[PDB]
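**Q** This structure is in C-alpha cells; I'll ask about it shortly.
Read-outs: derived from the displayed coordinates by stated rules, not from any lab. Neighbour counts run over all protein chains shown; Cβ positions are idealised from the backbone, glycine included.
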Amino acid sequence: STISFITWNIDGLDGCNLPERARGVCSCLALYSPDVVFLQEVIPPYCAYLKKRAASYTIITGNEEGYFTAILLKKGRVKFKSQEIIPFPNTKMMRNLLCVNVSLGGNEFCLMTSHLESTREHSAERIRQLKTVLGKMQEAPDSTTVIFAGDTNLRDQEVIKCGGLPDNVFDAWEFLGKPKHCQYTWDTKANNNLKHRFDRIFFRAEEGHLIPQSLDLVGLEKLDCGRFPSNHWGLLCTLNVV
C-alpha cells in the first residue's frame, strides 16, 4: 500500500485576502486528496473555514488561540488513536510540537508537525527545538512509523553545524536525491505574497518499511486576487509501506 500527505505553511498571519486564500488551499487539498495534511500558521477563523470547505478531514489543532499548527486526517482512510502536544518551554512565538498517533491502512503511524522558531536571530532556540523534535521521534516504538513535517525555519546551513540528522532519521528531500524542482519552498522571486528550504520532512522507520516515492510543490497557481494561497509553497509527498 501507499500513503500521501501535504505539509504547508498556509500563512494565517497575512490578514490580506485570507478568505480567498483559504479557499485556494482547500482547492489544492481537494485535487490531491492527501491522507494527511500538516498545516502551520493556522488561525481560528482560518480553522473554522477548514471545518466547512475541507469537511472530509479530521482536524487536530496545536492551539486554540493566536496562530498554531494543525494536522488533518482523511476520514475513512486514517483512524485517530491519540494526540499529544510537547511544549517548547522557551518559545517566544507560541511554538510547540503537535503529535497525532493514527492507524493508516494496517500500520501504526506517529504523525508530527511544528513551526520552529522564526527569524535568523533566534537560531539557537530553533536548534534546541529541532533537537526536541528529533528526540521525540526516538521515543516512539520501532513498530510505529514516525513522520515529521512542517516549517523548520532552518537556514544558513544550520543543520550540519548542530551535528546533522541522526543515523535513523532521514530527510525525504535528501532521500530522493535532492531534486531541485521542489528544493525551495520559500521563494520571494516566484512568490509575491510578500530562498531557503524551510519546509522539510523527517521520518524514522525500519529499513525499507517506508520509502519516499515522490516529492512535489503545490499551490503555485495565482488566485483571483492575483496572489498565491500563501507566501510558502506546499510540499506533496507520497511514500510506500511494506
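**Q** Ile10: net charge of surrounding residues, Cβ under 11 Å, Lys/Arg +1, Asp/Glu -1, itself excluded? List each step's numbers first, then the result.
**A** Working: positive: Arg21; negative: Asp11, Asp14, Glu41, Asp151.
Summing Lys and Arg as +1 and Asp and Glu as -1 gives -3.
**Q** Quick one: net charge of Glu125's neighbours, Cβ under 10 Å, K/R +1, D/E -1?
**A** That works out to +2.
**Q** What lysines sit close enough to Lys131 to cross-link, taking a C-alpha to C-alpha distance under 20 Å and skipping anything fewer than 8 places away on the same chain?
**A** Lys92, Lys161
**Q** Could you give the length gained on full extension between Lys81 and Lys51, defined as 0.36 nm per residue of separation minus the Cα-Cα distance, in nm?
**A** Gain on stretching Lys81 to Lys51: 8.8 nm.
**Q** Here's a follow-up. Under 17 Å Cα-Cα from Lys75, which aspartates and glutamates qualify once same-chain neighbours fewer than 8 residues away are excluded?
**A** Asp35, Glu108
**Q** Starting from 0.36 nm per residue, how many nanometres of slack lie between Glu64 and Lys189 once their C-alpha separation is accounted for?
**A** 41.6 nm
**Q** Could you pull out every residue, at least 5 positions away or on a different chain, whose amide H is within less than 5 Å of the one on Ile10? Hs are placed 1.01 Å off N in the peptide plane, and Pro or chain starts have none.
**A** Here the answer is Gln40, since their amide H atoms fall under 5 Å of that of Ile10.
**Q** Rounded to the nearest 0.05, what FRET efficiency do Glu207 and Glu20 give with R0 = 51 Å and r taken as the Cβ-Cβ distance? Could you check?
**A** 0.65
**Q** Another question, if that's okay. What are the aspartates and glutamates whose alpha-carbon lies under 15 Å from the alpha-carbon of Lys178, with same-chain residues fewer than 8 places away excluded?
**A** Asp199, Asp216
**Q** Then there's this: Hey, how many Å between the Cα centroid of the stretch 187-242 and the Cα centroid of the stretch 157-178?
**A** First find each Cα centre; the distance between them is then 17 Å.
**Q** With labels modelled as points extended 7 Å from the Cα through the Cβ direction, what inter-label distance (nm, one decimal) is found for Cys162 paired with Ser1?
**A** Calculated label separation equals 3.3 nm.
**Q** Okay, next question. Past 31 Å, Cα to Cα: identify those pairs from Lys79/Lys189; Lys52/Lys79; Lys81/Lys222, in the order given.
**A** Pairs exceeding the cut-off: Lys79/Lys189; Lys81/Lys222.
**Q** Among bridges DSSP assigns within the chain, what percent are antiparallel (round to 5)?
**A** The answer is about 85 percent antiparallel.
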